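Let's start with one chain on its own, the form solved without the DNA, as structure tokens.
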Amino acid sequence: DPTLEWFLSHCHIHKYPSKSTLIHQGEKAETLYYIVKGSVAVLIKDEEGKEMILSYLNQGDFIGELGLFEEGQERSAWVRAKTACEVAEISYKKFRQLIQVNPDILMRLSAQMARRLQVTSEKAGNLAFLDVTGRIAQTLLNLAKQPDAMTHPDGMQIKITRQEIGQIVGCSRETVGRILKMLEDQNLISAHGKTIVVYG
């Protein structure tokens, strides 16, 4: 991948342990990132710091792109390493020079913006159409259809903490706890184990 490697030679590259914060919402946006290895969560918060994950981003993903096309913008979200990460960074100013040399690097970036918009639009859809019970139910169902969902004699089973579920739908761990109990008692799932079984 000649264009990528060229792009990266113009970056500086650093390692970040899991749980460390790469981007703080509200900071001035002046640099672009690219994930060389690992995974990050893109997070927003309510006024009391309850979190919602807008996306996971993985190796090959650009981050910090949204301040690129107009000066004076702030980071729109927190971005937090979910595993140990290797992350390339480059100033918007140097990136813009790179685009002049070869606009393919802009194509790649824009393709990812367009995917993100489709996915975030779909999520806003579910947030409008579903209450917190439906959100959690549709999350568990989505997760059971993932390539990594394990077969179970009674349906599919998943590994996912209550806090992670809470991050997906933007509710507390305890709210998740209560609604999982309700869904168990409605005979839709079982969560009495260290994992979750979605029936059917």
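A residue's number is simply how far along the shown sequence it sits, counting from 1.
Note that the form solved in complex with the DNA isn't included here; everything after this is about it.
K.L.:
Is every one of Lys94, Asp104 and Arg108 in contact with the DNA in the entry with it bound, taking contact as a heavy atom within 4.5 Å?
P.N.:
Not a single residue of the candidate spot has a heavy atom within 4.5 Å of the DNA in the entry with it bound.
K.L.:
Would you mind picking out the stretch of 124 to 132, 73 to 81, 108 to 116, 86 to 94 that comes within 4.5 angstroms of the DNA in the entry with it bound, counting non-hydrogen atoms?
P.N.:
After filtering at 4.5 Å, what remains is 124 to 132.
K.L.:
Could you tell me which one of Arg173, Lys28, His152, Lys37 places a heavy atom within 4.5 Å of the DNA in the entry with it bound?
P.N.:
Checking each option against the DNA in the entry with it bound, the one that comes within 4.5 Å is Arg173.
K.L.:
Which residue, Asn58, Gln138, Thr161, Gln146, has a heavy atom that falls within 4.5 Å of the DNA in the entry with it bound?
P.N.:
Exactly one residue meets the criterion: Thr161.
K.L.:
Examine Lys45 and determine whether its closest non-hydrogen atom to the DNA in the entry with it bound is within 4.5 angstroms.
P.N.:
Result no; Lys45 lies far from the DNA in the entry with it bound.
K.L.:
Quick one: does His14 come within 4.5 Å of the DNA in the entry with it bound, counting heavy atoms only?
P.N.:
Looking in the entry with it bound, residue contacts with the DNA do not include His14, since no heavy atom lies within 4.5 Å.
K.L.:
Would you please decide whether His24 lies within 4.5 angstroms of the DNA in the entry with it bound, comparing each non-hydrogen atom pair?
P.N.:
No - in the entry with it bound, heavy atoms of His24 and the DNA never come within 4.5 Å of each other.
K.L.:
Is there a heavy atom of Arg178 no more than 4.5 Å from a heavy atom of the DNA in the entry with it bound?
P.N.:
Residue-level check for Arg178: yes, a contact with the DNA.
K.L.:
Heavy atom within 4.5 Å of the DNA in the entry with it bound: which residues of 44 to 60 meet that condition, in order?
P.N.:
Stretch hits: a single one, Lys50.
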